[PDB]
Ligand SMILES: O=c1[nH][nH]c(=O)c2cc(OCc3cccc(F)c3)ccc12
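Encoded as structure tokens, the following chain is the form deposited without the named molecule, with no partner shown.
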């Protein structure tokens, strides 16, 4: 488990509230405000989930071996409804629970490059107290191609070798604005931003 995490005392899960003025808080706030300057952050919590971390780090090591000298990991945003937050915190991102996206590049979990995309009410639905929720997520994007609405897994790199797959898909390979992942433990929810208008 990462050495800067708070001691959990044999606990496998906890949320840690970050302090404004710490570099850890301030970098997430800057990443968010770059495209969401009109919203205000209530708090940022570090997600310490031992089991999700273990499974994710195993998948990362495998993709680092398979792809050899690629930047396989991106830090991306995911807006969700309050009713989903307890499940994501404990179990991560389940494609079986994902909605149809307004522009579908496949049936998977969607992650945004820009916080502004995730900040739409359609993804970060305001709760009964006007709080919006967005995860900051380590995503194994690996080698990616433009997706298509029919995909249930990423497409093959070569049609004559149907099982050798891209790691993820995007809307545009030249200027990616979203990524779609189709497998469990390909994304680690690292921070939860609670924010308001």
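Residue numbers count along the first chain shown, from 1. Shifts are known only where both forms have a C-alpha. Only the largest set of C-alpha atoms that superpose within 1.5 Å between the two forms is called the rigid core.
What follows is about the form deposited with the named molecule bound, which we do not show.
Visitor: Once the site C-alphas are superposed and the named molecule is modelled as in the bound PDB entry, is the result open or blocked, blocked being 3 or more ligand atoms within 2.4 Å of any backbone or C-beta atom of this form?
Guide: The pocket is blocked.
Visitor: Check 59, 153 and 166: does every one of them have a heavy atom within 4.5 Å of the named molecule in the bound PDB entry?
Guide: So, no: the whole triplet misses the named molecule.
Visitor: Check whether residue 72 has any heavy atom within 4.5 Å of a heavy atom of the named molecule in the bound PDB entry, and answer yes or no.
Guide: Residue 72 lies outside the contact set for the named molecule.
Visitor: Would residue 89 count as touching the named molecule in the bound PDB entry under a 4.5 Å heavy atom rule?
Guide: Contact check for residue 89: no, nothing within 4.5 Å of the named molecule in the bound PDB entry.
Visitor: Taking heavy atoms and a 4.5 Å limit, what residues of 65-82 are near the named molecule in the bound PDB entry?
Guide: Counting only heavy atoms within 4.5 Å of the named molecule in the bound PDB entry, the contacting residues of 65-82 are 77, 78, 79.
Visitor: Rigid core aligned, which consecutive-residue runs (three or more long, every Cα at least 2 Å shifted) show up between the shown form and the other one?
Guide: Run with every C-alpha shifted by at least 2 Å: 101-103, nothing else.
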